[PDB]
Each structure stands twice: as structure tokens, then as C-alpha cells.
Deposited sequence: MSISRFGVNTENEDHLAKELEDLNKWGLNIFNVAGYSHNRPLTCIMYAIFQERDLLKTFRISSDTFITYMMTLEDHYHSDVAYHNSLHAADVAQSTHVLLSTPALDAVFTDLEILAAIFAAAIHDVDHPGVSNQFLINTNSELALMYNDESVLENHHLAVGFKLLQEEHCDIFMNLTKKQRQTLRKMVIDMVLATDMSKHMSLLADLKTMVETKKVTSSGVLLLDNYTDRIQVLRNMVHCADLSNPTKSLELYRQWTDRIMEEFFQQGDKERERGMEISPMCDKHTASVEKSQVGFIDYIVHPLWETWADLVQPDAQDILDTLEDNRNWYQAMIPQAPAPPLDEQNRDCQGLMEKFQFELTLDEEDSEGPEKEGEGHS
């Protein structure tokens, strides 16, 4: 029923109401999902692009764009609990908001805007619901093909890009050859940066950026060159990928249930195979609450606190919500040694 929102629906009134919060951190993608015949990704990407006049700027037809997004959305596994199209929509919509932050006003080109939103949308496509390390230890075709390096993240790129070639799917058809090679380079860089094994190198570099930042007379970050811009961008996308815990508790509890169920599903495959069970993946032993606090203290808060620095005072509410959600889980509970599970799970790579 009628694609002005690019999707079928029987509650355009409630879909519209919900898309009023398109530009806000508080948008509810679960609701957009429920009012779009579970096409949250197609729906939110279609809204974001009209909102940013991106289809105009890059001469992308509504049909080309809906045809591609639909296909991209088809390539997220609906039987995977967390890494399905709801996640991709969320990260896309979250990048859209981060891009609007006042400290970054007019800092990026339209091409960079396009790349960052596209990267967010494709960053987990065709995710099988198991980790890089799982794929490597079981000798998956994907691990062989990509030499055990950012295996899934290489696959998300191949797939997202491959789908441009489907009939009526080339949303970049009208870019210049130069724009296209620049977009490809930036998206590759951003999607590779969503590999959690890089989290600590990302974060160290973001801290250096923070410590020597410059802001204009207005109050807006001064980003000297390409190198500085793509670095903010790769951090922005990693932040969006890690934004679940900074969202209202109503939303984060749902994201938590989902990733826990996907972790448990990997653990069962590990148990079934006689493998050691990855951290947080053993349903018989996991403790969500304890894990929440550790994950927020060791991974999420250190990052968002640095992003909040970069763009101060813009991200203060984000940081506040994050601290409230942490204390919510903490209250249910009756340091390096303690962080060891996260280190094992994320496999931080030295550089």
C-alpha cells in the first residue's frame, strides 16, 4: 500500500508520526519496522536520502534507489537475531544524526555524507550471525577468501557493492568515475573500521585527534585535510555501530535481548562442534547484567566519552543516557582479570 515512504504499510499515520523523529537520537526503529512490513532499512534510507536531498544531488531515481535498498535489505538474514536489517537501519539512522552534530557543521562534502550513510547501511550485510573467529576456526570459505583478516567486514563490502550490478540497482550510476573511486575508498575504510578488533587502535587515534583539535571562531571543528576527515568519519560509523547502549532504555533492552540471543546461537554451534565457547556465548553461564557493566565501562563509555570530547558539548545527552543505562543494569547486581572475556571476544589487534 503506496510507496511515498518507499514501503508498504497500513498505518501511514503511525509511520509518519514515527518518522517525525527522523533527525533525532530518540527515533524508534522498532516502530518504523512494525509499520513498514519489516522494511526498516529501505524505509529509513529512503527518508534519510530525501531529507538530505541526496537523490537530487546525485541523480538517483526513486526506483533505482528503492530497488537497490530492497535488495540490500533482502541480503540481511531475517533469521539472525541481531545482525539483520533492523540493525543496519539503526546504524544508518544513527550516522545520519551524528553527521548533523553542530561541531561538524559543513565540515564534510556531499560525497562524504553519501559514503558514510551508505557504509552504515551495508556494514553488516549478509552477516551469518557468527564471529570472524568462528569462521576462521571452522575454515569457512569466507575466512579462506580473505586470509582471516576482517573476514566478515571484507564480505560486507563485496556484497554491498556487488548488488549495485543487479538490474536497476546502480545507485551510483550517475557519479563521475572520480567520485566513484573516492566513494569506494571511503566506504571500504569505514566498513573495515567496524571490525571490533580495531576498536582500541581507533580509540587511541581519536584521543590524539581530540588532544590537538582546533575549533573555529563559531565553535566548529577544523578538519585540515582528507586524512583528518576520513578519520572522524570512520570513528563516527564505529560509534553508530556502538550506539545501542546510548539509546533510551526501552530501545537498548531490545538490542540487548537480540545480541544475547545471537551470541547464544553461536555458542550452541560451538558446543555442538566440541569447541571452546566464546565469551558471552554460553547460555548456561552468561550474566547479562554483569556483562553490561563491564562492556559499558571497558568499551562503550571510553569511546563515547572521547567522541563527546571531540564534539563538545553536543553529545552530553548521549553520555548521560549511557550512564543511566549502565546504572540501571548495575542495580540488578547483588579489573583487567575481569575484562579478559571482552579481550578474548574482541581480539584486539596491536598496531
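Query - Segments lacking C-alpha coordinates (deposited sequence numbering, starting at 1) - result: The deposited sequence has unmodelled segments at 1, 336-344, 362-378.
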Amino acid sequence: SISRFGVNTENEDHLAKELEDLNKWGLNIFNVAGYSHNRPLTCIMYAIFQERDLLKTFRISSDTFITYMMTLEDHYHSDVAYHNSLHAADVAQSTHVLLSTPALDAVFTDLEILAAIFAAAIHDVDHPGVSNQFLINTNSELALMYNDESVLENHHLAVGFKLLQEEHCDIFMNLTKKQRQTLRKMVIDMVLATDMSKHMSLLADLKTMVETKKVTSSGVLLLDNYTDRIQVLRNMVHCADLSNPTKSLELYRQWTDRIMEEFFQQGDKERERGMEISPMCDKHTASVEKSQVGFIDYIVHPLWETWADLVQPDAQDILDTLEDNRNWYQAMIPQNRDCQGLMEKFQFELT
From here on, numbers count along this sequence of modelled residues.
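Report task. Would you determine, from the values in the PDB entry, which of 34-42 and 286-294 has the greater average C-alpha temperature factor? Result -> Of 34-42 and 286-294, the stretch with the higher C-alpha B-factor average is 34-42.
Query raised in the report: Out of 67-75 and 210-218, which stretch has the higher average CA B-factor listed in the record?
Result: On average, C-alpha B-factors are higher across 210-218.
Query raised in the report: Split the chain's modelled residues into thirds by Cα B-factor; is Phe161 in the lowest, middle or highest one?
Result: For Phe161, whose C-alpha B-factor we compare with every modelled residue in the chain, the answer is the middle third.
Query raised in the report: Lowest, middle or highest third: where is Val191 by C-alpha B factor in its chain?
Result: Tercile = lowest for this residue's CA B-factor.
Query - Third assignment of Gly26 from its chain's C-alpha B-factors - result: Tercile = middle for this residue's CA B-factor.
Query raised in the report: Once the chain's modelled residues are ordered by C-alpha B factor and cut into thirds, is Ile48 in the lowest, middle or highest one?
Result: Tercile = middle for this residue's CA B-factor.
Query raised in the report: Going by what the PDB entry lists, where does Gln179 fall on CA B-factor within its chain: lowest, middle or highest third?
Result: Top third by C-alpha B-factor.
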